[PDB]
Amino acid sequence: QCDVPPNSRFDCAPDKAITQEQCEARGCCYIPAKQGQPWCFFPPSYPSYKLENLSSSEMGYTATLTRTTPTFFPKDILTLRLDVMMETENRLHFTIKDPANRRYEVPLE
């Protein structure tokens, strides 16, 4: 589970200095660098979101994404909506949003 090549380790403690015990308590892997590369990193089993109810539209796809285990950040949005729009032959566009709340979006024409 923690046998991840050093260059493929994604940081499980981007937010603060962490001890081995705190890292393992987050459900992460603790392997010091031999000399930067994160010492605390996600195993492949680290809880993410699950895709549910993938559906086809004329534009592309829609789905629900569900997180069941909280992260170490406050205010996880546990239910997300995925929208995939096949806009042109060379432009693919997808959004991930909170279906229960309008969130800030950049004004664009």
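For every residue, the number given is its place in the sequence shown, counted from 1.
Missing deposited residues between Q35 and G36: 4 to 9, all without coordinates in the entry. When the two stretches 88-96 and 17-25 are set side by side, the higher mean Cα temperature factor goes to 17-25. For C40, the recorded CA B-factor ranks within the middle third of the chain. Only modelled residues enter the ranking.
Sorting the modelled residues of the chain by their CA temperature factor places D83 in the lowest third.
The entry lists a Cα temperature factor for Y46 that places it in the middle third of the chain's modelled residues. Among the modelled residues of its chain, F72 has a C-alpha B-factor that falls in the middle third, as given in the PDB entry. Among the modelled residues of the chain, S57 sits in the highest third by CA temperature factor in this PDB entry.
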